[PDB]
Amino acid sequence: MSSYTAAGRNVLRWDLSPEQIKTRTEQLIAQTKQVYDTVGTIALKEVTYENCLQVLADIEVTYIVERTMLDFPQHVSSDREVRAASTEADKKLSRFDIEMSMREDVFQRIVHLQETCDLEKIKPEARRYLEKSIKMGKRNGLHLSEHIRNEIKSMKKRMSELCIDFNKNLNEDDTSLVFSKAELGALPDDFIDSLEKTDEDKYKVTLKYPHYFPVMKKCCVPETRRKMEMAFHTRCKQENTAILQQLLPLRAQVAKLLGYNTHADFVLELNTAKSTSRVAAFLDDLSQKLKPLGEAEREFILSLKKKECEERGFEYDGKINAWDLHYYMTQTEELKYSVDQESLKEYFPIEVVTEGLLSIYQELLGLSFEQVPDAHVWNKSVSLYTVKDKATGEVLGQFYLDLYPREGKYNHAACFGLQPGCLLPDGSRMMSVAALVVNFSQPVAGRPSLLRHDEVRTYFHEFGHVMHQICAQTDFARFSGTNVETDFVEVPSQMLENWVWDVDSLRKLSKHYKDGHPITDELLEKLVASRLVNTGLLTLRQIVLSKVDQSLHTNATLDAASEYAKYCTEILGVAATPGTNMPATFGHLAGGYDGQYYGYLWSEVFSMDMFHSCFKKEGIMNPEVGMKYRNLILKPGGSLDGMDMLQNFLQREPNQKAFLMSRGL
């Protein structure tokens, strides 16, 4: 199969039945184990590049591809049975993945290969493959005595149970509060109308996000915001505090047994940040540079509160409490740049946004997008596109667009890698495949689907991952697509969001759905000018969370709540409510990427450096810079370190000048 057609390069099945998913799962695991069994028994002196490295690499490709037909349906299939089977498949496959990574016999063979092998006779990416594989083995303790490995296991198995419990608690929580309409003042009728009513003249308000935020952002009754904030930040307090008290010390022990000083050092080693000290300095210096901006905003908010308390006689306490931050930050947006989102959206018909988004990217990256006519999909609402390189006709890959909310479908925005763009056994390249999964407002009444600006920003964000997935071309599957450092994966996505704050780009993405008139120059200037409203406190709040995250993985004997309170008053200027335990509701800690929360802010600094220093310098639609970004930042996927690719693109080490200049510092 050629690199100049898509024909036959994508045969992923999206209509598998629950029994077919079960069968394929059982067959994948067994057949794949046999390959590791075969590599794990090769005589150490007989280990070679073809019978070892090439064997492990070939199996990684075939395995990852079969695995996606099995673990993806749980996120998009409309059939409840199919979804459950996929979830089950993902559980068996995930346990199998752990098993294989714990194969001491296989580790031995790769360690010996790297020795007896002349690393200078093989491609740089294959050297990286070996080094990274051996490194992952050491990180799993495969070089340690059997006694120590067993200890690490009994601890990791207990840390998984703890994280699953921490999360289960928060998810199964159904705490509720009852308020009279008087107590929910200022809240929209659309909000109140959707609330359940009790046998009293009261409305039920849960603690789930859809209820919590509009109440913290719009409720003009201070005491209501107060009770919500108290109840919301006390969820699972006992249970999860108890879990954290066991979990963090466990993370410390495991790190020690592995040879690291702290769990943080363990996590950060695989990131571009590299170490605990580097992250601490990153966050510490940022909050210092941001301090003055936080003092002004905090001051501005204070003048708004004191003033409003007099115009309603609520009483003033001279301070910004936790249950006041969102509220006054919203008031700020309405006074600085009154941007009516429900009005603006009318200028963003999904049809127009989609066409615009794709047009921009085709021109910027030298690509051509063509929709697949009668494409095999998991839902009639999904469209499939084939991606060719404008110049050569080369088919880089395909991407699916799943844009509307649907029962059973993943409810958050994301980009899934379905097929890696790596080499196949005969040297031919596997076509990359990605699925963009978002949930944009569907067409209501006679009006088409209309996107708010933040949704247009999400569309671009996710499409940034799609392009990373599709343009990434490596020799090995493990370095393909978005397999870059965790604190680097959000670089491609956040850099592309800059385009939705670009006047000229916005013109290409909007047209009033009715008469089709463009957005007024006056409104455009206002929209882009409001990009940084409240950036001070917002960023400081992100730094607070980032510090808590590092702290809980640098220590152990630490009280999560007090640590959070400490940074809240020291960095944010808004005290943490006495009696609450935000960290115990911090889903990021347990499951996920603990010790890496700073990653998002870390990535913004870099994306901002590239956008300003390169695209702004040369013109953000300049094809030359566009191609360099694709070739130097996207194309290599994870086959090169993040900082090296940044250097390659910038032609100097990255720095935060741009990130600070934008913020206005």
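In this text, residue numbers run from 1 along the sequence as written.
K.L.:
Between 480-488 and 543-551, which has the higher average C-alpha B-factor in the PDB entry?
P.N.:
Per the PDB record, 543-551.
K.L.:
Can you tell me whether 7-15 has a higher mean C-alpha B factor than 653-661 in this record, or the other way round?
P.N.:
Taking the mean C-alpha B-factor of 7-15 and of 653-661, the larger value falls to 653-661.
K.L.:
Name the residue from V353, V387, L144, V339 with the greatest C-alpha temperature factor listed in the entry.
P.N.:
The listed residue with the largest C-alpha B-factor is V339.
K.L.:
Take the CA temperature factors straight from the PDB entry and tell me which of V111, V267, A85, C220 peaks.
P.N.:
Across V111, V267, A85, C220, the entry lists the biggest C-alpha B-factor for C220.
K.L.:
What third of the chain, by the recorded C-alpha B-factor, contains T175?
P.N.:
As the PDB entry reports it, the C-alpha B-factor of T175 lands in the highest third of its chain.
K.L.:
Using the temperature factors of the C-alpha atoms in this entry, rank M102 within its chain: lowest, middle or highest third.
P.N.:
According to the entry, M102 has a C-alpha B-factor in the chain's middle third.
K.L.:
Sort the modelled residues of this chain by their C-alpha B factor and say whether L44 lands in the lowest, middle or highest third.
P.N.:
For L44, the deposited C-alpha B-factor lands in the highest third.
K.L.:
Would the CA B-factor of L184 place it in the lowest, middle or highest third of its chain?
P.N.:
Highest third of the chain for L184's C-alpha B-factor.
K.L.:
Comparing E618 with the other modelled residues of its chain, is its CA B-factor in the lowest, middle or highest third?
P.N.:
For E618, whose C-alpha B-factor we compare with every modelled residue in the chain, the answer is the highest third.
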